[PDB]
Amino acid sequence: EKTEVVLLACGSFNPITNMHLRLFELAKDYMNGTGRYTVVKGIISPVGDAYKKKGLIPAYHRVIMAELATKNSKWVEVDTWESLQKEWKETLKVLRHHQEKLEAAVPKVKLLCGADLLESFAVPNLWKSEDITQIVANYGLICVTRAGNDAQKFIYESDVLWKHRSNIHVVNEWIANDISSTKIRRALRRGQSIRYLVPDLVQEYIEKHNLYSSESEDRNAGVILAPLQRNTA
């Protein structure tokens, strides 16, 4: 009857916050609420250090925090495949990977993201055109966000996205919360409480290892983001 689905969220999780977790809760309620789907699992897949994003701290720290964060979740877990590859991995391959790992009525892996990432699809030389087509046509996208109209319009404004709109779901986040990783690192650098913005275990981990600082924010300064170096060379 209903189609089973696995929500896969690729990201930097630098560091993970209640917001990324909350992203899962919302997508699940929505998907299960349509009556035509059953969300069987949530997978958080931290990006490997080969991504080179500014300030991106070492993967093990990010993976451990994301594990610490899901420890009390009953349906959301961390998968380390992508973080372990040596070369940065294109989200479409990370999707094809878990979709195949499942084939061994098979659950459909769908990409879970906020409007943020959905919109980078338009940044020049960031995403391969064929990648986007396959991602929305063969897996599906589930976009959670406050600016529901922005996202809806962004879709309307792209022929590929519009064509596969049946396979793309914008999920409104009426409870306006935005605990951005950037604001968190900022708060940390400035010695301010992030208590209640991230899970206590993550907060404790960050504290013990004294993660995030001016030094850390500088990692990868002046280094082009992996996806771009690829489409420029």
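Counting begins at 1, following the sequence as shown.
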Original post:
In at least one third of the other PDB entries compared, is residue 105 left unmodelled?
Top reply: yes
Subject >> Residues of the deposited sequence that sit between residue 105 and residue 104 yet are not modelled >> reply: 10 or more
Subject >> Stretch with the greater mean C-alpha B-factor as recorded in the entry, comparing 222-230 against 3-11 >> reply: 222-230
Subject >> Greater mean Cα temperature factor according to the PDB record, 95-103 or 136-144 >> reply: 95-103
Subject >> Top Cα B factor in the deposited entry, candidates 116, 157, 79, 150 >> reply: 150
**OP:** Quick one: which of 185, 195, 61, 36 shows the highest Cα temperature factor in the PDB entry?
**Re:** 36
**OP:** Determine, from the deposited record, the chain-internal third of the Cα B-factor for residue 181: lowest, middle or highest.
**Re:** middle
Original post:
In terms of the chain's CA B-factor thirds, is residue 120 lowest, middle or highest?
Top reply: lowest
Original post:
Considering only modelled residues of the same chain, in which third does the CA B-factor of residue 109 rank: lowest, middle or highest?
Top reply: middle
Original post:
Lowest, middle or highest third: where is residue 51 by C-alpha B factor in its chain?
Top reply: highest
**OP:** Within this chain's modelled residues, let me know which third the CA B factor of residue 41 belongs to: lowest, middle or highest.
**Re:** lowest
